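In what follows, a structure is listed as structure tokens, so that the remarks can point back to it.
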Ligand SMILES: NC(=O)c1ccc[n+]([C@@H]2O[C@H](COP(=O)([O-])OP(=O)(O)OC[C@H]3O[C@@H](n4cnc5c(N)ncnc54)[C@H](OP(=O)(O)O)[C@@H]3O)[C@@H](O)[C@H]2O)c1
Ligand SMILES: NC(=O)c1ccc[n+]([C@@H]2O[C@H](COP(=O)([O-])OP(=O)(O)OC[C@H]3O[C@@H](n4cnc5c(N)ncnc54)[C@H](OP(=O)(O)O)[C@@H]3O)[C@@H](O)[C@H]2O)c1
């Protein structure tokens, strides 16, 4: 009939190559089909200076309110960026300023095409990975190193001893994890499982670290039965605590949520999702990058071929979450459909240099093998058009 | 030839299940017909290990420690499943570890690369040698408090505290972990010794940016050892050592042909070699990277055909013998060691291979019987091709 009513959504504008494909994804993949009621924020490096990172904070508050946000890729400043752009301060990361105000866990997932040679040729259903995510010093010249814990209620303090250096020279460490951060890593990663209809795996190392790692399985399992237990059976699922060496072993044709604590998977097909505990709130970024090299030669008369999929899926993840949240079937379907066409366009034999580069090595690639950033973008639209007409009648 | 070659004091350790069989086959067909040895063989098979009460395991370590060379077969590592299976009276520790425990040193893995076998990068022509550097005090934070590490040199000229963190919501866990300077210097040597033993360049990857003080010590000490001694031998042998960051090390490897030692701070399995290089640079324990290959052994017991790649096992020998010959300046053995390695690859590049290697070239569903040789066939091929090479070698 006409454009689908999506709802409240937080967009974030990036910078460099990715911004170009971002403001290209919109016009002919999203915008012609979905009426978005959107709060966009410009995280373009330049804009981030004007507002003095304030605009970043705001987008973070934005998400926390409306529960759903996408994000383009954004420069994180180091020494060059200050000289190149002339920044006024060593601006922090756009992520983090977000992360440290939202919590939850990052979930990285590769996008699998039958055309693409993967590590362990047989991984059909992809694997979702959620890495949990430091006070070191030198100990020059022999002494005694001891970690101490002194409780709040003024009861007996507890000294420990992390080896004393009898004969000199060393280096020492101290790290930790608060209970509540273990609780957030649990739900996020319990919630996630139901949200894919896939089984969960916490892989630890409690045999060695008895009281550190032990505690993760001592906070996971318990929160697995108190709630979320029946739900897995209600979805034909299970959660096992595995063990690092057995998980790097049994992984299988794939299709699970690997929740581990402690060059592979190609680049332009690595989507990320930040899942907040509540289950309600979610953020989606293709966590791959601004792709500066490509932009460098885009700003020149030269032509580029750049893989848009990751960012395309960043949208379809976030939108799928609105529909899930709001019970918006019409939207939900379209999200799935966008994803479907993306993969299918690839599997049909139309792609960019980097995906062709996986087939036939870099030296063997020729021009007749891939479409460029622009001509890949049309092909997606054309086929999306096609796909959409088909589902109507 | 004429007669065998005298190789001398070597220490042999035997394993379990499928390896053991091919391990014997190796000896029968490839080493013994050609080489005489003062063998200090210890039988580390699960049954025997239980019979001895794992004394035989510690007995091997000390022998390696004395005789410098040790070629180890695989071996079962006990868990509840095995404990029931063999009716073990205890769940003994992994031999490999116990061996490592008494010896120290640094393990280096190598994938044996041949021209008709696919790689991660089609660029890699020469092998890449990766060496892994390998308790902490860990405890639970009862409730809200302030955990903090604190150091005191034992000559009261400082007391330095840091915050790991103060818990205000409370609960949680915490742990501190030292690293002895000694362990770093050892790591250095071994992975400088090995850089010359194979005559390639050395790269140490780290995460300096994040742990400026921790990783920072790994960079500095490698440098001191590289210069207080090792720099000379390096430059002489037209090679270099050069620290790198982990980020731009991964990509730098893709754009290469391999052929370097990569020190690291944290293809088929049947092509994976593992060598434990001690800091003294005299002791070495070779072994395959895989296990006892239980699934293959199970079929062998039911009368089915197996197709098990021995290469990894074969290379433990050749590697070990190469080391013994290097220590003893035995040019005859030194040559023989390269020959068996020379034959092994040459045989595979000639289209004769096990089922695993076929799978690499074609893919599981697309492999037929006519494409590969079984365990016992592949062995013959090698022995026949081996005897061949050795005849034309006499010239
Ligand atoms: N905010 C974020 O989510 C995020 C994430 C990562 C990096 N960054 C920022 O990126 C800036 C510097 O870029 P970088 O050096 O890290 O490069 P990058 O964007 O991480 O990409 C590095 C290489 O990955 C390949 N690649 C990535 N995406 C691709 C795609 N869609 N299509 C084709 N190839 C793709 C390209 O390799 P080829 O050279 O072979 O073409 C590119 O040169 C830094 O300021 C960093 O902070 C931001
Ligand atoms: N001492 C050691 O160095 C060591 C190391 C690791 C494991 N182990 C012992 O191994 C026992 C269990 O075996 P596992 O499950 O670990 O099997 P494994 O020997 O580690 O190998 C697992 C699978 O890899 C393939 N494979 C391994 N080596 C091969 C070769 N040489 N040629 C062709 N294919 C090969 C086979 O897969 P396909 O069946 O699909 O062909 C095999 O089933 C454990 O009890 C463990 O203690 C010992």
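Just so you know, the numbers here start at 1 and follow the chain as drawn.
Method reported for this entry: X-ray crystallography, 3.4 Å.
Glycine is treated like the rest: Cβ placed from N, Cα and C.
Just one of B:101, B:266, B:309 is listed by Swiss-Prot for the same NADP(+) site as B:75, B:76, B:77, B:82, B:255, B:291, B:292, B:293, B:294, B:295, B:296, and that one is B:309. Within the set B:212, B:282, B:302, Swiss-Prot records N6-acetyllysine at B:302.
Cα of residue B:302 (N6-acetyllysine) to Cα of residue B:296 (NADP(+) binding site): a distance of 10 Å. Of all the Cβ atoms in the protein chains shown, 5 others lie within 10 Å of the Cβ of residue B:2 (N-acetylserine). When the Cα of residue B:2 (N-acetylserine) is compared against those of the recorded positions B:42, B:75, B:81, B:126, B:207, the shortest separation belongs to B:42. Note on proximity: among B:81, B:207, B:219, B:228, B:238, the recorded positions of the record, the Cα nearest residue B:292 (NADP(+) binding site) is that of B:81. A break of 5 residues separates residue B:134 from residue B:135 in the model, and their Cα atoms lie 11 Å apart. Of the deposited chain, 14 residues are missing between residue B:266 and residue B:267, and the straight-line Cα distance between those two residues is 22 Å.
Separation of the C-alpha atoms of residue B:219 (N6-acetyllysine) and residue B:294 (NADP(+) binding site): 41 Å, rounded to the nearest whole number.
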